[PDB]
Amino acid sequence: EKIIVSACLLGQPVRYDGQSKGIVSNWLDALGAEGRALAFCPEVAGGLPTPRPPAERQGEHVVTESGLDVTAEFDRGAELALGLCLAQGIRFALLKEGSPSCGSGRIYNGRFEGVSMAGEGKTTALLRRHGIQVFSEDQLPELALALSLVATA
């Protein structure tokens, strides 16, 4: 089976600051070598540029510090992630922690003050609502196990 992965976790320079969040993982490298780790960046897919200003959720809305509302792009990117999972038969996602799109256990609190809180990004929320299990880069053993359990079926 294949998984969808935040493109930044695969070393792609698609982060809001033009950086990457490439993780060191023999398991993830091997999965990619087998063609089973499909890269996806909801913000770029949703039409946002790179670089782009930091954004935080404010409930259903997603805004930048200047007040620009980018919810349209965030929601488009989330739908496109779901569309790729449905088309490819994907039921597991490995998404970047803390992001207003990809966060799964934590997100910034919407006050633009460097304070995190329990929560999830727009893309994680939509995927979970449709039965797709989302794991962060802090849960690689858990994700690898979940994917391994269905291997011989």
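Residue indices: 1-based, along the sequence shown.
Enquirer: Per the entry, where is the mean C-alpha temperature factor higher: 37-45 or 85-93?
Expert: Result of the comparison: 85-93.
Enquirer: Comparing 112-120 with 66-74, where is the mean C-alpha B-factor higher?
Expert: Here the higher of the two C-alpha B-factor means belongs to 112-120.
Enquirer: Tell me, please, which of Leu140, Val24, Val14, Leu10 has the highest C-alpha B factor according to the deposited entry?
Expert: Most elevated C-alpha B-factor of the set, per the entry: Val24.
Enquirer: Mind checking which third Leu31 falls in for C-alpha B-factor across the chain?
Expert: Highest third - that is where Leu31 ends up once the chain's C-alpha B-factors are sorted.
Enquirer: Ordered by C-alpha B-factor within the chain, which third holds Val5? Give me lowest, middle or highest, please.
Expert: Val5: CA B-factor falls in the lowest third of its chain.
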